[PDB]
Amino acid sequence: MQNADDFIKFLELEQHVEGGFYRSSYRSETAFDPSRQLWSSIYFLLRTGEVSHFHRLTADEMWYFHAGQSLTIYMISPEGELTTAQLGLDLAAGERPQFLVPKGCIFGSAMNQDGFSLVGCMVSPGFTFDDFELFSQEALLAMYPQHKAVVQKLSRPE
């Protein structure tokens, strides 16, 4: 059997600023802007006490379910609209093994069950941090006050 500890170890996953663990698997050798590359891809893991806190990306991000527990991805449009997609293998429910979280929204994510969860993420315009913006729980309760409950599950204070 394989725990979360086995994946972080063998895959060499670093802690992530947004939450969970990660490690750039491959990066294009082609360029988009003489700044960013054509695509970037990582492994992304979530342990029980983990979550990927609300943050926004300047580009589209492809999600590939790799293993473990299924996830619920929470998204808030730039209009306050909250939607959700589930990633995984239980096709009976709205679970899909892939999903595209559209650039411009503020999304988070959590496992639908205790345990561990490993995914694969791919942002086309090569991910840089000037294309990343994490958010304060305050900054998120001010805008979108209607989503107190959820904005507390995917955001820490200050």
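Numbers for residues come from their place in the sequence shown, where the first is 1.
Identify the stretch, either 55-63 or 86-94, whose C-alpha atoms have the larger mean B-factor according to the entry.
Between 55-63 and 86-94, it is 86-94.
Taking the recorded C-alpha temperature factors, which stretch has the higher mean, 124-132 or 40-48?
Of 40-48 and 124-132, the stretch with the higher C-alpha B-factor average is 124-132.
By its CA B factor, does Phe116 count among the lowest, middle or highest third of the modelled residues in the chain?
It falls in the middle third of the chain.
Compare the C-alpha B factor of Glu12 with those of the other modelled residues in its chain, then answer lowest, middle or highest third.
Middle third by C-alpha B-factor.
Ordered by C-alpha B-factor within the chain, which third holds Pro34? Give me lowest, middle or highest, please.
Ranked within chain, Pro34 CA B lands in the highest tercile.
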